[PDB]
Amino acid sequence: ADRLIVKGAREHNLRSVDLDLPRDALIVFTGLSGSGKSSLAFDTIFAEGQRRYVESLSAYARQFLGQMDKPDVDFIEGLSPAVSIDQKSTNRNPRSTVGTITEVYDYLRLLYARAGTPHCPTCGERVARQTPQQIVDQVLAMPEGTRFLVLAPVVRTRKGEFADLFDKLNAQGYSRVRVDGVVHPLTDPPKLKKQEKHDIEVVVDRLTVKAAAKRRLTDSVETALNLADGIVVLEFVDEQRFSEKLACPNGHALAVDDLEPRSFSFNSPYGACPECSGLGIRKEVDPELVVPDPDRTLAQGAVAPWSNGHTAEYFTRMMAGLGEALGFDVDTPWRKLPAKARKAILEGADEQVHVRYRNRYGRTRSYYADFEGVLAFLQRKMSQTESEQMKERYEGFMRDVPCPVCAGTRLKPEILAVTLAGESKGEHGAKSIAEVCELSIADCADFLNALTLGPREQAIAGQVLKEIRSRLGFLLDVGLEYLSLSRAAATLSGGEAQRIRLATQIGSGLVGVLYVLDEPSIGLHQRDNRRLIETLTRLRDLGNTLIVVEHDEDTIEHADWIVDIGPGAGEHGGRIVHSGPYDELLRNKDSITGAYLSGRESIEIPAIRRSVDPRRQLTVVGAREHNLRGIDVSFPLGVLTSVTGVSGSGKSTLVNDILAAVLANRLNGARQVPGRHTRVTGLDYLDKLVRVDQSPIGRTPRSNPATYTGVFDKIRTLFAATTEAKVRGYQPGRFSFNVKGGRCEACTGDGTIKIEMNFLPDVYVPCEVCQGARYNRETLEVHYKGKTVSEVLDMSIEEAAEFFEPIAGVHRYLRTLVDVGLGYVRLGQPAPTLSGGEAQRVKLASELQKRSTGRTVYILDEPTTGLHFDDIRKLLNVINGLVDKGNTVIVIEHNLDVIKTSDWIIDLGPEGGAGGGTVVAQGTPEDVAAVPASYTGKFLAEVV
Ligand SMILES: [Zn+2]
Ligand SMILES: [Zn+2]
Ligand SMILES: [Zn+2]
């Protein structure tokens, strides 16, 4: 058999399914959400693919593996080692960038280290080396009275164990050795791990720059230069480093010893920018809080940290308190008196101000304030003053910004001076990294370069240069041309992240692999779709075999074989509805998929659309943030708006970092940092903002649908207030798995335990003591309508909904969860196991569980995610419902149906990153399909 075969897969609601798949095909898994698609694809097939292979690695890791919950199948075979390509992790670590993620940056450092020449930062003369003598002369010329410790870094972070070395240093007695930070009396050194890299510097002298101490000055400096390989580092008291091999000709100091490849890593201290330490950024309070038009009243407030009841009454007073005392009152707009504004911001006059207050009873007749409560110090103060979430709440008046020293570049300047001489500029590695598009970098690295990669360096760095462009190549291929090497890894969308992984994997040149991909058409424009299907195929064609969980027409159309997964949701699914070619699937009358796919079903374009109100329009003005080009954009209120456009066009920066962040500030009063812009129009036409993020519901198995929606409180009471419970004296609290009495003590009531996996990813294994119940057995003695807590927590929501039809206080929450489509989800199903869409959808069911006051605004970022056709159809009703109450709903989408249904679309582009951040078209679908310049328009037009 050239076949992948599975018998009796039972992993979740999977009903002992058997499959006979064509290896060396692009297989696509398909069906309604919560069909079991993923349990089969990822939890069983892949999971086993990986496992069986890894078991080989070492007979040891074979044990470390033993402690996994091997997926529940009976027999599988024709199984290639598997590799997952989902969109699960968007790690927030600051230092890590595309460059780093793709290892491309790594190669860059080798390329720079070993070809292309360094320069001094100021004088700039090609950089020479330097004789111990004129290193003694530099230091002799120093400031008299300066005191510094001649220090010699014999070991610059290399690894070893240095017992022999410590002796040779007690051999001429030092007693002052710093290793790995901590200082050790060189009589008594520490034992070192030969395995860990190390940092051993001996103090050679504590000195001072007297004229005629020249003898010890000269006599120490030569010794350190000798003992630590020509490196002295004098570390002052009133540090500066000197290298034998790297020197400004004209005697400027250079703050970096070797030009070694690490010296480029803004992760190593050696290259990293000293100020921000290669973080690139500094959190730094903007003068931005404000609104220039409003000023100082309670109804008219100016200075944002100072707008309340007691806080507001208190500071307004003190402003005008100095405001006839500097002549600016409390009734001029912020953009009004230049002298006046610099006051509340800086320290200004610093003249005691008259503060009048009513005493504890009424007494009054006291007090001043030693200070104009200097505003930018209210900040430093209160960030310090109250330890809390509040601290981040105050942080909301600061803005990450590039570091002035390192220019944002996260780099020690001397490094920035190293230079690859190709065409217009021998741009720094960072100049190359910060290049606008992958193509921008590829062009210089790929062409502008080899053709002046000199005959010495072609021999020593030529291969490296090749390895780089190959890699840039594949990036273009996955259509990532538009981002830059230097972009932060965390910022990239799940799609973008995934699209990268695909570039890495496709390049890997691996054959015989089973790649299991999770919905890669996500966050990808309809345009780039047929492009990606190619890269997918060429991945198969290389000699691999794919399984793609998907609901996209084109991808499915293009599949070699299709498994359609049990019809219905949860219990109702988990069976192989279809498994065969595309045509054959169309024939299948039981495929909900086939229905839509054949045409028996569709989502129909509303014959009468919602009409837009010009007078009632929410408007972002002058959006400057990232690639947005100071645009003005108006979203019509009380209607369905899709923001569309290709990946990288600013869809997110607009709607999320600016449009949403403002509304959260102006309607729900979070103190959250909106992306740089001018302002937002009207806005008082709205009660509140609902941002249905796709972020996880919770990071712990503590968070549950029962918890999150808060139905569990209402159930814990239904339980405590029961015949069996009261006879035992059980309060509502015991039924809370969060709370010391009644929850199992081994899991602390989570039900499962996160067992660290080392090379493989960490995974939850059900607790042995509990079996994953959450509760100790005595607590489970208690029933309600013949079901314990664990049982009722285990119910599908759809199931629990019928079960609680009686208590309509609880039934409300459950109906909306069923309405939102999550019927199939288990009431107390650990939050970490929810798909970003499910999580999104749960949050959505929380606001549905509220009074729909006809002027609230909903922001749905890719709500289409992880949904089947039919699922979309259901969801759209939920949305029109919402909008028919006259609520405003704004949606970022690539999905055609959703777009073709919207009443208004805003199309950003034209391209991604640098090209883009403009409005390519806006109007009704009909209008936009009309704009020939619009990509969204192109596709939209085939449907309109
Ligand atoms: Zn210089
Ligand atoms: Zn910096
Ligand atoms: Zn337990």
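Numbers in chain A track Swiss-Prot; the residues on display, in order, are 2-239, 248-953.
So how was this one determined? The header says X-ray crystallography, 3.4 Å.
Cβ coordinates are placed from backbone N, Cα and C, and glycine is handled just like the others.
Look at Swiss-Prot and you will find 32-39, 654-661 tagged as ATP binding site. Taken from Swiss-Prot, the feature zinc finger applies to 257-285, 753-779. As annotated by Swiss-Prot, domain 'ABC transporter 1' applies to 315-601. Here Swiss-Prot flags 621-950 as domain 'ABC transporter 2'.
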Distant-in-sequence Cβ neighbours of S656 (ATP binding site), under 8 Å, six or more positions away: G488, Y491, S502, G504, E505, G532, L533, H534, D537, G921
Cα-to-Cα distance of termini bounding the 8-residue gap, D239 and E248, in Å: 10
C-beta crowding around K660 (ATP binding site), within 10 angstroms: 29
Which same-chain residues, if any, lie at least 6 apart from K38 (ATP binding site) yet have Cβ under 8 Å of it: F30, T31, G32, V558, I574
List of residues, in chain order, with Cβ under 8 A from that of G654 (ATP binding site) and at least 6 apart: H534, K660, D916, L917, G918, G925, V929, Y944, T945
Local backbone state of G654 (ATP binding site), from DSSP in three classes: strand
Least buried by Cβ count (within 10 Å) of the binding-site residues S34, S36, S658: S34
Residues among the binding-site residues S34, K38, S656, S658 that border ligand 2 - Cβ under 6 angstroms, in sequence order: none
Local backbone state of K660 (ATP binding site), from DSSP in three classes: helix
Coarse DSSP state, helix versus strand versus coil, of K38 (ATP binding site): helix
